[PDB]
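>>> Give me the fold of what follows.
(2 chains)
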Protein chains: 2
Amino acid sequence: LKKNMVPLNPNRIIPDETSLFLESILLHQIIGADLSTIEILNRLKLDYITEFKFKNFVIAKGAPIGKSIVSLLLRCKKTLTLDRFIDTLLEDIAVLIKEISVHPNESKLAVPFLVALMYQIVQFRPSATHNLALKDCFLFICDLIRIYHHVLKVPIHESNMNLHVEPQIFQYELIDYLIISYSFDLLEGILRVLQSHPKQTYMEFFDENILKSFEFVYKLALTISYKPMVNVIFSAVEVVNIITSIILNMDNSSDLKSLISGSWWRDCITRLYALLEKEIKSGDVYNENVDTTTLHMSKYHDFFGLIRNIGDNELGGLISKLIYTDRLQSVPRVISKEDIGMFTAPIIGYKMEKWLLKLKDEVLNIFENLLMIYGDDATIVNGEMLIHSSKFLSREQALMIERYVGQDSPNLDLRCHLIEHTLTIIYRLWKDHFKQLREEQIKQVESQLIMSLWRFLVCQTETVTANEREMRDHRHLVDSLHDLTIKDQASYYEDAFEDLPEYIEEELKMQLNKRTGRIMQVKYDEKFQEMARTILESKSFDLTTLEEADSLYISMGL
Amino acid sequence: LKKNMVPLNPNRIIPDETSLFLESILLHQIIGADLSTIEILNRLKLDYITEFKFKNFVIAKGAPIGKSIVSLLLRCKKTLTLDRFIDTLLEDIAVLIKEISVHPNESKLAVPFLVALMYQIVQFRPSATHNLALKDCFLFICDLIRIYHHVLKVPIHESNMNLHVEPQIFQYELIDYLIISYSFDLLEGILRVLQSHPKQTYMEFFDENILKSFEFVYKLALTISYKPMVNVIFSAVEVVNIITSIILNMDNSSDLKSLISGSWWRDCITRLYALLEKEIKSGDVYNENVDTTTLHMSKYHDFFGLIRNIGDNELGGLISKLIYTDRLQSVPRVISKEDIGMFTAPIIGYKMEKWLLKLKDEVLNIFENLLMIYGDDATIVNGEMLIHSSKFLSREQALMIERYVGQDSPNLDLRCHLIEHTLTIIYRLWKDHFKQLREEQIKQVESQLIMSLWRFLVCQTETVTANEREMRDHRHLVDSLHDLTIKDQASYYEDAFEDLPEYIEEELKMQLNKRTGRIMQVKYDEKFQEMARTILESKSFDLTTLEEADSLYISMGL
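Numbers count the residues shown, from 1 in each chain, chains lettered A, B, ... in the order given. Right below this line is the structure:
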């Protein structure tokens, strides 16, 4: 009688999730360092706080700090379940980071490793962390960054008499660069684990204090008059993405939007515009050059960080060489600043272009989001998304055609994805939001909008591709790198790319061909030809007159 | 239909027993030390083994050792289940103790803490440890002790010209005293966790090598011509107890007894006799006096150890003061030898008498066991258990009556339990083993046997107690300490001693009265009067003739 049902296991080992979390803390190790993070904190003392104690988390004067962390971890494993063990660790390590930070004399070497350890605590089980702990941790990291006021506020250019006679120390600069970078990365981590909660509970996180604190630290990160640290720019726009993504995908959308003032947005969007109008050039990414025009990713902060691996991690060997590893000390091991830098590969510049192109994709992606938040007209969906986005579209087509085609870099495709993306940021702005596209602001970009749409409608002629035989001879010229990519994907990393059945590689000699069309800047996708057609041709606004329009059409044929 | 059965739990949290074992290792702390054992091993390096590696247990030259222990513990938690995690730890820490030990120059400070950590590993779940690991660990601790050849072999008396001009260092002596004491305690622990296995599997432990190695180390512990360390005498007779206890309570009893040669027993029993004929005197327990007559428990090895808390732990403050606790070192922190010893309480002497009386109870308890092993006659159940046990019975009655009655020590009762026990070691020797009680050896003790039995049969007169009113006036004289004991037991530590229902304290004014009878050396228990009667009166052997017997009976009445 019903001999079908799947039988249970009578000895189900539900794994002790707090033990797995304990083990994930104990062997947490940042990428490039020689020792584990707890094993670094065992080698740190603090000799100006004579006795630290918050809630039975006693630290003696000459005691190792990581001894006290592992004593807390062992002591609170027996007692607490997981969601209490998390916020116990969060508030205890937060109070420790706090009184190491606000002190006149004491070195702050434990602070980066405690922030990274805190990030390991947060993102272990995001379903387990209650969001009031996330609120407390977010407020603590925001006013922790406003403690570290001076890392993101170095001036543009120094004095001419700034004599570089100096010990040329890097270890304190390396400490507070790690503090700022791990802090902004922890802000990104708090908001994605808050993003992963069920969608009825976001109001337990947000209040006025959250948004005012992030407004301050967001003005701090996306700087104007100071040297930009690009490591914090990635996370500081990814946080804005997480905000605009949960505003879309929640139910009580008004009480976020009522909590946000329009000044927050019109301070955010101008800095996003000023980020979007910067240049990406591989030959002087890592060079130090003119400000606020090239996203440059400085030599003196080049390491991975917590979420994503952003550079080549040139300063990861110096994290392990910041402590003496056989000694219990407080001041750092001395790192000379001018030893780094040795010249063999510009490929590092290509992948840093790849990250910066994903950054611009991120910025106009959150443009695409907050079009959909404020579908009705407001202060902020206000026509300058024609000006700045059309400037961006026109120049990233123009110097694509002038400079990039036939340069065999791997970053062509994504760079001709951005234009392919930002036309859509034009298009639904044109189609669904014309009621705020004012008559003067359209004439601020009448050159560049019409020229950018014309470089899509030039591709309806198509006397270039038309076959198969010579297009692969074009991709031997422009797209050999993606041939290497797809052969290494086909022979190693894809399940469907073996014993190819004479329909899966006819798809390949369809899609590599349309890809190399989209790279060669002739024959874009037909859907984008239609979207560019129904802005220029359509009669929502006289971009051109009919005797000016056919002056454009004769330069293709027509 | 059958709404009775107890329902299961659908979310049974079977606790991750290897995680609990991990946490028991990580907060293992010996009694009196300031730091945890892993936290002491984090402060130890080893600078003569340039690189230690056995099976991916890499230790660098200047690295902390406890870093490598906790790296093994975290790495082998994910992989192994519990019975493999145990013997992985056992062989790895054993190889580490080995190559720290066999080295000419290197200090051995890590060795006591690694042995104590190994003991914590063994006795956590004794059902989990497979007994081949116990065999390997027992063989390793036995040849580890024969490495430490010279701790248990200091001479009796030094030269007259042994000038005590010397650094007077104690730290190296404290190290290898801890090594020897923790090693013998680990031998006791291995054999009780082997005792706790199901009784069909003892042959997986024992072979010739086990018994030859313990024969050597047992001759080493119960010394003859060297200064005795009493800490190893307790465990070295408790091991013999565990052996003679499992020989009784197993099924394949012959293949142990065939594996044991009679020379092992007739080397063991002579040393047990020589231990049994020593004296216990509180006024010179802790004094240094004449050898092999007083069990003295020397001042320079007075700490707890692993199983039992044997002294007052005067050398436990010096275990934490053996390392610098803010430093990674190899040589010990210097302990001056003559600072210890400060005189306030002889009560410490009374509880050390209590432990030594339990030691003599242990020795004649294993006499009582191996009567029952060799119920048939052999080399070893051979009539000297009349001589030595009757010497012991007669003197511990004689100087009981001359010296101990009315001395208000807590150790009277157990001291008049020993006589009350050892009569039984007489009695079943007399009744069930007369066929080896040879005619000359009985006349070696004809004085002492008959006098000892007569001091039991003198109690059948009993004109002393006979009531209730004056016997409590006797226990105000001899047994006030047990009145304090039973009042503190009655008001604090016993569930049945409140709202006393006038039958539970009539039992008290029965059993305190028979107890103070048994202390006052008049009116023993009636069963012991019968057992002493049916040796003297019964006609198995002419102890007395009938004209010599009534010469004894007239000195009671009769």
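>>> in what helix or strand does the residue of the stretch 451-558 of chain A found nearest chain B lie?
In the stretch 451-558 of chain A, the residue that lies nearest chain B is residue A:493 (26.6 Å; Cβ to the nearest Cβ). For the C-beta atoms, the positions are set from N, CA and C on the backbone; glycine is no exception. Assigned by DSSP states H and E, residue A:493 falls within no helix or strand.
>>> Helices of the stretch 151-300 of chain A, start to end?
With DSSP state H, counting those that start in this stretch as the criterion, the stretch 151-300 of chain A has helices at A:171-195, A:208-221, A:230-248, A:253-257, A:262-276.
>>> Now render those helices as a markdown table, adding distance to chain B and mean neighbour count.
Below are those laid out as a markdown table (distance: least, Cβ to the nearest Cβ, whole Å; neighbours: other Cβ atoms under 10 Å in any protein chain shown):
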| stretch | distance to chain B | mean neighbour count |
| --- | --- | --- |
| helix A:171-195 | 21 | 23 |
| helix A:208-221 | 36 | 18 |
| helix A:230-248 | 30 | 22 |
| helix A:253-257 | 36 | 13 |
| helix A:262-276 | 42 | 17 |
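>>> Format those helices as JSON lines; extra columns: distance to residue B:286.
Shown next, in JSON lines, are these (distance: least, Cβ to Cβ, whole Å):
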{"stretch": "helix A:171-195", "distance to residue B:286": "56"}
{"stretch": "helix A:208-221", "distance to residue B:286": "67"}
{"stretch": "helix A:230-248", "distance to residue B:286": "67"}
{"stretch": "helix A:253-257", "distance to residue B:286": "77"}
{"stretch": "helix A:262-276", "distance to residue B:286": "78"}
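>>> right, so of the ones you listed, which gets closest to residue B:531?
Comparison of the helices of the stretch 151-300 of chain A against residue B:531 by Cβ to Cβ identifies helix A:171-195 as nearest, at 77.3 Å.
>>> what helix or strand is residue A:516 on?
helix A:508-519.
>>> dump the residue contacts of the residue nearest the centre of chain A.
Taking Cα atoms, centre = their mean, the centroid of chain A lies closest to residue A:234, which sits 3.4 Å from it. Contacts for residue A:234 (Cβ atoms under 8 Å, 6 or more residues apart in numbering or on different chains) come out as A:308, A:310, A:355, A:359, A:362.
>>> Check residue A:176 too.
Contacts for residue A:176 (Cβ under 8 Å, 6+ apart) come out as A:108, A:148, A:151.
>>> swap in residue A:3?
Contacts for residue A:3 (Cβ under 8 Å, 6+ apart) come out as none.
>>> residue boundaries of the helices in the stretch 451-558 of chain A?
Under DSSP H, counting those that start in this stretch, the stretch 451-558 of chain A gives helices at A:471-478, A:480-491, A:508-519, A:526-536, A:546-553.
>>> Where does residue A:358 sit, in terms of helix or strand?
With DSSP H and E as the test, residue A:358 turns up in helix A:347-373.
>>> and that helix, what other elements does it pack with?
helix A:230-248, helix A:262-276, helix A:384-399, helix A:412-432 (3 or more Cβ pairs under 8 Å, 6 or more residues apart in numbering or on different chains; DSSP states H and E).
>>> For the closest residue to chain B within the stretch 51-200 of chain A, which residues are in contact?
Residue nearest to chain B within the stretch 51-200 of chain A: residue A:62 (4.6 Å; Cβ to the nearest Cβ). Applying Cβ under 8 Å, 6+ apart, one finds that residue A:62 lies in contact with A:45, A:47, A:328, B:325, B:326.
>>> Is it possible to get the residues you listed out as TSV so that each row also shows neighbour count?
Listed next are the contacts of residue A:62 as TSV, based on neighbours: other Cβ atoms under 10 Å in any protein chain shown:
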residue	neighbour count
A:45	19
A:47	13
A:328	21
B:325	19
B:326	14
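>>> For chain A, which residues are neighbours of chain B?
Within chain A, the positions lying close to chain B (Cβ under 8 Å from any Cβ of the partner chain) are A:11-16, A:19, A:22-23, A:26-27, A:39, A:42, A:45, A:62-64, A:67, A:70, A:74, A:77-78, A:325-328.
>>> Are any of those residues buried, and if so which?
Burial by neighbour count, 16 or more other Cβ atoms under 10 Å in any protein chain shown: within those this picks out A:16, A:19, A:22-23, A:26-27, A:39, A:42, A:45, A:63-64, A:67, A:70, A:74, A:77, A:325, A:328.
>>> Just these: which are in helices?
In this view, those that belong to helices under DSSP state H are A:19, A:22, A:23, A:26, A:39, A:67, A:70, A:74, A:77.
>>> hmm, which two among those are most spread apart?
The two members of those with the most space between them (Cβ to Cβ) are A:19 and A:67, at 20.3 Å.
>>> In the stretch 251-400 of chain A, which residue sits closest to chain B?
Taking Cβ to the nearest Cβ, chain B has its nearest neighbour within the stretch 251-400 of chain A at residue A:326, 4.6 Å off.
>>> one step back: can you list the helices of the stretch 451-558 of chain A in a markdown table and add distance to residue B:420 and mean neighbour count?
Listed next are these as a markdown table, based on distance: least, Cβ to Cβ, whole Å; neighbours: other Cβ atoms under 10 Å in any protein chain shown:
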| stretch | distance to residue B:420 | mean neighbour count |
| --- | --- | --- |
| helix A:471-478 | 103 | 15 |
| helix A:480-491 | 88 | 13 |
| helix A:508-519 | 97 | 17 |
| helix A:526-536 | 104 | 17 |
| helix A:546-553 | 121 | 12 |
